[PDB]
Every structure is written in C-alpha cells, then in structure tokens.
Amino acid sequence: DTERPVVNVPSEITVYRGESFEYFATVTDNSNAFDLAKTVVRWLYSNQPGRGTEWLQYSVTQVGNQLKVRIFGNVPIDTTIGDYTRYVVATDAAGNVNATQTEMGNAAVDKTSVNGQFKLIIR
C-alpha cells in the first residue's frame, strides 16, 4: 500500500454557542485497513484540537471497510464566533496519510486545501 486513504468530510460544518453538535467524516483506503490510533481531528500546528476550539472532540470507529469519524462536542456560550480551519487526518495500515502537517501548511500559505480539511463555522 503506497496509496493514501481518502477522507470524505463536508467542507463546512456549523456549530452554535451553547449547543452540542455532531457531524461525521468517512474514510476509505484501497487496502481497506487502517491505523485508527493515528486517525485524528486537529488544527494545523500540532495534534491537538486547537486554540479557541479545545472542546472539539472526535472518535474513530471502523465499520466494514470504512472509518467513521465522529466530530462532536459542546460549544461554550462565550466562544469567539467565526471560522476555524481544521483537519481530519487518516492513516492506513501501511502508514500512508491523506495529509501531512507540511502539506497542510503549504496549502495554507497558497490559500488552498488538502483532503480532509474543513471549515468549522461557529455562530
């Protein structure tokens, strides 16, 4: 397996101050096999949910040949509204990833996107 996994995540997901939310991403791979421990939802700079979105939670569950990545949490009532770019990163059993931190950063400079990138919109 040299072929990377593919995340399907909505390009925008909208959450609301004071409310709980739940959205999903799904993941396929040519090998149908994954490293779930290395499948995460994170911001650019580190494998963390990110400043201003520390309450962004996720879980990863395999069902058949797909991963189901639940993206969920409770938005604090006093969170800053606006847009937050975040990433679903998946890893196949062979260690291929859909996007690396370096690919994410280069896309950010160039005003573009990588597979698994999404916009978290807080209202």
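Residue indices: 1-based, along the sequence shown.
Engineer: On average, are the C-alpha B-factors higher in 61-69 or in 93-101?
Structural biologist: Comparing 61-69 with 93-101, the higher mean C-alpha B-factor belongs to 93-101.
Engineer: Taking the recorded C-alpha temperature factors, which stretch has the higher mean, 84-92 or 29-37?
Structural biologist: It is 29-37.
Engineer: In terms of the CA temperature factor given in the entry, to which third of its chain does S113 belong: lowest, middle or highest?
Structural biologist: Ranked within chain, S113 CA B lands in the lowest tercile.
Engineer: Compared with the other modelled residues in the chain, in which third is the CA B-factor of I77?
Structural biologist: For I77, the deposited C-alpha B-factor lands in the highest third.
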